[PDB]
């Protein structure tokens, strides 16, 4: 009459409360024991059936007590289930249906509970359901700006299901995959040795390459754990893929370059998939009195020992070199323009190498506002002669 059960249903991804999990409540009476389920209410008491198809479905986010020959239901806190007016005795709270975009965990599906005599304190139980949170980061970058060609460290992370080794007859999880799709202007460095080799981890342990397969789609890839190795993954741990991409020749400073990741396990995924965006920088100048024949280089410091900007003709990758000979020269045509693209943000110096030859460098900033978008390019900075 006065005993009660209070359940918190949570997801494994963020310990978040989950509504719409469905439970039945059983007891065992007899020798040998016959199982019975709460079916309904009659004369201040719960009625019982041995037919599980007729068992009352208690749903998380609702509370239930005995009414006049029917259940009195009300809305409960998120992921909470309250069942009042239980008689003294031992019971099993049995999960029969997972919430949307959640999966059952085998050792969470049957929760024993005891209602004690003369005890109105709610009995507290927690029940976990597997959910997915995917994370994507660039753990080495100072900000968001990069040079074209610069190898960028990426990390994709997902919580590993608590039920990763559960079995249905026939494992519960027959695939477990991380997927990335990204801008055409990003190229995944599919490299299996050296500084930029990718790596798949269970916690801090490296998974041997034969236990997964990397495949590339159009502007994306999939990391697929081998079906036979999935039950070895750490339940509740983290699966982490660490890799490198770079901006290719298609990149320019007018767009952001995004990637997005998610998990594919047959069961659950992230409804708000993680994205990362990176940008590159640029600056435009126009030589005027528009003058052609003007040649320049870019220095990374206002000094003679500074480096020189180098732009690879094929990849458009931007690097710094120690001599003028190794530098890229920008020579103005009739339009008078100098179009410097693919730099990291920062302060740089334009140096005229070939009217009066300039006697000082022109300091310029590269940043979010220095170049523009394709529709509205920022006016080139005039260089008078």
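Numbering follows the first chain given and starts at 1.
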item	value
Residues of the deposited sequence left unbuilt between residue 305 and residue 304	none
Deposited-sequence gap flanked by residue 354 and residue 355	4 to 9
Selected stretch [higher average CA B-factor]: 309-317 or 129-137	309-317
Residue stretch of maximal mean CA temperature factor, 371-379 vs 15-23	371-379
Out of 191, 83, 115, 278, residue topping the C-alpha B-factor column of the entry	191
Selection by C-alpha B-factor (highest) of 265, 155, 234, 219	219
Record-listed C-alpha B factor of residue 164: chain third	lowest
Relative C-alpha B-factor of residue 56, binned into the chain's lowest, middle or highest third	middle
Residue 103 CA temperature factor, ranked by third within the chain	lowest
Position of residue 94 among the chain's modelled residues by C-alpha B-factor, lowest, middle or highest third	lowest
Record-listed C-alpha B factor of residue 358: chain third	highest
